[PDB]
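Visitor: The structure is given below, and queries will be raised subsequently.
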Amino acid sequence: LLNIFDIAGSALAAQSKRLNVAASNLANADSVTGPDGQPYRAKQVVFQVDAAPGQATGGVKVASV
Amino acid sequence: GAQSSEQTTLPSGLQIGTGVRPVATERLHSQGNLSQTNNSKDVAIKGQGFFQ
């Protein structure tokens with residue numbers, strides 16, 4: 001995967017996962033219960049700057065919803 | 001589904017249902033009051049029964 005392509009594709013994936021979490025939140029507002037029976041806790045995504053070795057910048061990773 | 005009784009859980013299934021169709025139009029057959037008409041040929045009924 002070419003470097004700048006990697007950066008922008010990581011951005012696409014991260015934005016998509018953020019939107020999917022937001023859609024789940026917006027749909028599950030007013031949801032009495034989960035499967036086992038527990039509140040539906042609203043979900044958020046965590047963005048971190050990717051490429052831990054080198055340049056301290058480049059791409060976004062969305063690990064740990 | 002199956003209620004395990006391990007957790008307090010909702011008995012969730014799903015049935016929707018429809019409609020309120022009228023099923024009957026009952027005739028409440030009680031003795032009405034009497035009104036005097038002074039007419040000789042007129043007559044009312046105490047208790048049940050119908051003129052044929």
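Identifiers in this document derive from the order of the structure tokens: chains are assigned A, B, ..., residues are numbered from 1 separately in each chain, and ligands are numbered from 1 in order of occurrence.
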Would you tabulate, counting only C-alpha atoms, all residues of chain A that have an atom at most 10 Å from an atom of chain B, showing the closest pair of atoms and their distance in Å to one decimal, sorted by chain then ascending number, as a Markdown table?

Guide:
```
| residue | atom | partner | partner_atom | distance |
| --- | --- | --- | --- | --- |
| A:32 | CA | B:10 | CA | 9.0 |
| A:33 | CA | B:10 | CA | 7.6 |
| A:34 | CA | B:9 | CA | 9.1 |
| A:35 | CA | B:9 | CA | 8.4 |
| A:36 | CA | B:9 | CA | 6.7 |
| A:37 | CA | B:9 | CA | 5.0 |
| A:38 | CA | B:9 | CA | 8.3 |
```

Visitor: Using only C-alpha atoms, which residues sit within 8 Å of residue 14 (chain A) once same-chain residues fewer than 2 positions away are excluded, as a PyMOL selection string?

Guide: chain A and resi 10-12+16-18+47+60-62

Visitor: Taking the DSSP secondary structure from the backbone, can you list the residues of chain A that are strand (DSSP E), as a ChimeraX atom specification?

Guide: /A:48-49,60-61

Visitor: Name the residues in contact with residue 22 (chain A) at a cut-off of 8 Å, using only C-alpha atoms, excluding same-chain residues fewer than 4 positions from it; report them as a list in words.

Guide: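 Result of the neighbour search: residues 18, 26, 43 and 44 of chain A.
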
Visitor: Among the residues of chain A, find those DSSP assigns to alpha helix (DSSP H) from the backbone and print them as an MDAnalysis selection string.

Guide: chainID A and resid 3:28

Visitor: So which residues touch residue 58 (chain A) within 8 Å, counting only C-alpha atoms, skipping near sequence neighbours fewer than 6 positions away, as a list in words?

Guide: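 The residues that qualify are residues 7, 49, 50 and 51 of chain A.
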
Visitor: Using only C-alpha atoms, please write the residues we just selected to a file, as a CSV table (one decimal), in the first residue's frame.

Guide:
```csv
chain,number,residue,atom,x,y,z
A,7,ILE,CA,-2.7,7.6,5.1
A,49,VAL,CA,-2.3,9.1,15.3
A,50,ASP,CA,-1.0,6.1,13.4
A,51,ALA,CA,2.6,5.2,12.5
```

Visitor: So the first atom is CA of residue 63 (chain A) and the second is CA of residue 6 (chain A); what is the distance between them in Å, to one decimal place?

Guide: 16.2 Å

Visitor: In Å, with one decimal, what is the gap from CA of residue 30 (chain A) to CA of residue 2 (chain B)?

Guide: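 Separation between CA of residue 30 (chain A) and CA of residue 2 (chain B): 23.6 Å.
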
Visitor: How far is it from CA of residue 41 (chain A) to CA of residue 29 (chain A), in Å with one decimal?

Guide: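 Distance reported for this atom pair: 9.6 Å.
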
Visitor: Can you list, as a VMD selection string, every protein, DNA or RNA residue that comes within 12 Å of residue 48 (chain B) when you count only C-alpha atoms, leaving out same-chain residues fewer than 3 positions away?

Guide: chain B and resid 29 to 32 44 to 45 51
